[PDB]
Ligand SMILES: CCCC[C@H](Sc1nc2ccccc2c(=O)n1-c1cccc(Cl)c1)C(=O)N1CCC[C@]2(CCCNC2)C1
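This document opens with one chain alone, in structure tokens, the form solved without this ligand.
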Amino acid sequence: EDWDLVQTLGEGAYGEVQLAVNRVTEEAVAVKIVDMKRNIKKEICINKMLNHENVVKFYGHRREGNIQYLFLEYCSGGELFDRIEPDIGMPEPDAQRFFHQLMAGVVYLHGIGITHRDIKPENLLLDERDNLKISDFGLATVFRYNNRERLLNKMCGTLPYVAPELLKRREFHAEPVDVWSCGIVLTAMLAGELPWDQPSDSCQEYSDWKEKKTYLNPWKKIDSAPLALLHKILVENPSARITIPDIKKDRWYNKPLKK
């Protein structure tokens, strides 16, 4: 287990990720790297709990100095960001498949009291058999514990993926914030466009969404079956907004498309 660091796979904010190949067995891994001088104990801890085929497999960590090394699964397929052609998206049969695995993944976390708080195509990586993994638990947090649900109030994410409640309320439920970002990943995948800067009332493109002006981009690039689902996801009232159990019922979600 003396790995050589090869290519830089990217840095969200917290630290740099390298591909690391093992000298002797050649097992490829991803090493996240974080300089605790130039929140992060919590990422390790959350990664210790996780075990699903749609979450990036945590392998371990060694401190060894000022740096912190996370040993994570390797997604040779890279980010879902790159399967989205800008302004067109990707074929509807693959869009669905990745949404099935996103939904799978998120059910799992949400079922173990964990919310990601940054679902976005750059944090959905694809492996060798093109399976979607949820990555980066830097902004993750427990919302349910001892079967008590706690509200989050701390604002974090990426504006275009964030839910309105999070701009407009002082505390909010964690599940709906992740269903929203899942809905915006579905928009991205099907239209290849983010629909708005951020879901504020001050924003034309969002005001048009609440006004059901579905004749505009990026909504006119989407078929009425997945478009119906989206209407149910980007509801502005998180108690009105569809749940994951009920997205599993949606017509588009169960429409046969993918071989």
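Numbers for residues come from their place in the sequence shown, where the first is 1.
The next section is about a form of this same protein that is not shown, the form deposited with this ligand bound.
Only one of 105 to 113, 162 to 170, 86 to 94, 144 to 152 places residue heavy atoms within 4.5 angstroms of this ligand in the entry with it bound, namely 86 to 94. Proximity of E175 to this ligand in the entry with it bound falls outside the 4.5 Å heavy atom cutoff. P121 belongs to the set of residues with a heavy atom inside 4.5 Å of this ligand in the entry with it bound. Contact annotation: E53 falls outside 4.5 Å of this ligand in the entry with it bound, judged by heavy atom distances.
A residue is said to contact a partner when one of its heavy atoms sits within 4.5 Å of a partner heavy atom; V179 fails this definition for this ligand in the entry with it bound, lying far away. Residues are counted as partner-facing when one of their heavy atoms sits within 4.5 Å of this ligand in the entry with it bound; in 129 to 158 not one qualifies.
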